[PDB]
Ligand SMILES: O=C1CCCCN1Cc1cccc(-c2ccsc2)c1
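Here's a solo chain for you in structure tokens, the form solved without the named molecule.
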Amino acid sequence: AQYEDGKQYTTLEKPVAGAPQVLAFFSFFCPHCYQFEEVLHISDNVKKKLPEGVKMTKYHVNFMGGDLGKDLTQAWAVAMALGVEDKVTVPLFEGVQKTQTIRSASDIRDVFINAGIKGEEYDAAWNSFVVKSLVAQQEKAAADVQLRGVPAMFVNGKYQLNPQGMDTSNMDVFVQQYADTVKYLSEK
């Protein structure tokens, strides 16, 4: 065939039941994750090719960045809770990796303010039960897929994308191979 285990995807020994259809894990500290999002725009291109009524979910992981990382996982739950993921994704990547201006929890909050989320709305979401559930939820899903690093993407709890078996001499070719694989898996 064109698509094969070992090549564009591997198959989990231990499928995950009731996993989201397409589940991406990342870290604002991860250079490969910054490459996926700021240079390759993996997310956007995958979305463009997902079959009808097939949504993508994105979770932040903790095993990078120490205590700042844990705050970033909670700040991400804030973003998921308020629906502002597309407003803070770029300034958080750049604050962490490019300018290294995010050193503490208040620098994270500043980015949300400058993106239109008012400070009291952020604080309230930050200390809310919904955010606590979403932090726990991100952590559970990482554990359920025995996550060891990021970036990673899983389709229907069964298949793990294998970028390293894709062609990386042309970035645009890589991106369409990645996106097309995710489409192929959604329907497998």
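Residue numbers run from 1 along the displayed sequence.
Peer 1: Could you settle it for me: does 7-15 or 165-173 have the higher average Cα B factor in the PDB entry?
Peer 2: If you average the C-alpha B-factors of 7-15 and of 165-173, the larger mean comes out for 7-15.
Peer 1: Output the stretch having the higher mean C-alpha B factor in the entry; the candidates are 124-132 and 51-59.
Peer 2: Looking at the record's C-alpha B-factors, the answer is 51-59.
Peer 1: Among the choices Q100, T89, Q74, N114, identify the one whose CA B-factor in the record is greatest.
Peer 2: In this record, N114 carries the highest C-alpha B-factor of the candidates.
Peer 1: In this PDB entry, which of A141, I42, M64, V150 has the top CA B-factor?
Peer 2: Reading the PDB entry, the winner on C-alpha B-factor is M64.
Same protein, other form: the form solved in complex with the named molecule, not shown, and the subject of what follows.
Peer 1: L40, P163 and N170 - do all three of these have some heavy atom no more than 4.5 Å from the named molecule in the deposited bound form?
Peer 2: Contact check passed for all of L40, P163 and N170.
Peer 1: Can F36 be called a contact residue for the named molecule in the deposited bound form at 4.5 Å between heavy atoms?
Peer 2: Contact check for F36: yes, within 4.5 Å of the named molecule in the deposited bound form.
Peer 1: Find out whether any non-hydrogen atom of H32 is located within 4.5 angstroms of the named molecule in the deposited bound form, and reply yes or no.
Peer 2: Taking the distances in the deposited bound form, the answer for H32 is yes, it comes within 4.5 Å of the named molecule.
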